[PDB]
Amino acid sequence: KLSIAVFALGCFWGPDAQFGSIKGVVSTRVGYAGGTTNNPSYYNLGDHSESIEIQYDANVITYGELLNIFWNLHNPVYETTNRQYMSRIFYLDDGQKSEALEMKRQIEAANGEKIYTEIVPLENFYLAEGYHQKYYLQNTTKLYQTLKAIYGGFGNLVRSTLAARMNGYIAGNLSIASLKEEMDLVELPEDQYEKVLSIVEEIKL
């Protein structure tokens, strides 16, 4: 059992890569939330926002730390009506709601600007299409195919911690030194470790 945060802050590729780089984030998936239609998709979104679901270990990272990251990834000081890209925190319980409200207040006080992030109850989150998941990794063909085989297929790969970290590495949000420590955690047979490392190193160059 893990804890869940669901945030919306624009195109979800960046947040996937950013949050996926953080210790305590166990897995990520991108999708759609905030609207009033069942089973939305990319070109049929209705009123939903591009969102990220963050499965985190509360023993390692707090909701407050995730909120801090959220408000450091974008600066939502404009009011738009563009649902697809709007800044939203979808709270799952009253603790999340109160923490979000309090931090929003502190940001507004510290920097003198109204924040337009909507803090609203999570209704339904709908998983986005496969091609959107771990976007940067998925489009790094050799690394992607190697990790996919090791993890036993697409679904297993995208649900993994290592894929979240690898996607972050490709996007430039995780150092190779930190990535190697993450690789060590998975306890790969040494051949697979060396094969993945060579791709990762050749990527860093």
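Numbers follow the displayed sequence, beginning with 1.
Across the two stretches, 192 to 200 and 9 to 17, the PDB entry reports the greater mean Cα temperature factor for 192 to 200. In this entry, 171 to 179 has the higher mean Cα B-factor, the comparison being between 171 to 179 and 23 to 31. Across 161, 49, 55, 141, the entry's maximum B-factor at the CA atom is seen for 141. Within the group 97, 134, 114, 88, the record's highest C-alpha temperature factor is found at 114.
Among all modelled residues in this chain, the alpha-carbon of residue 71 has a temperature factor (C-alpha) in the middle third. Residue 125: CA B factor in the middle third of modelled residues in this chain (values from the PDB entry). Looking at the C-alpha B-factors along this chain, the one for residue 39 belongs to the middle third.
In this PDB entry, the Cα temperature factor of residue 45 sits in the top third of its chain's modelled residues, the highest group.
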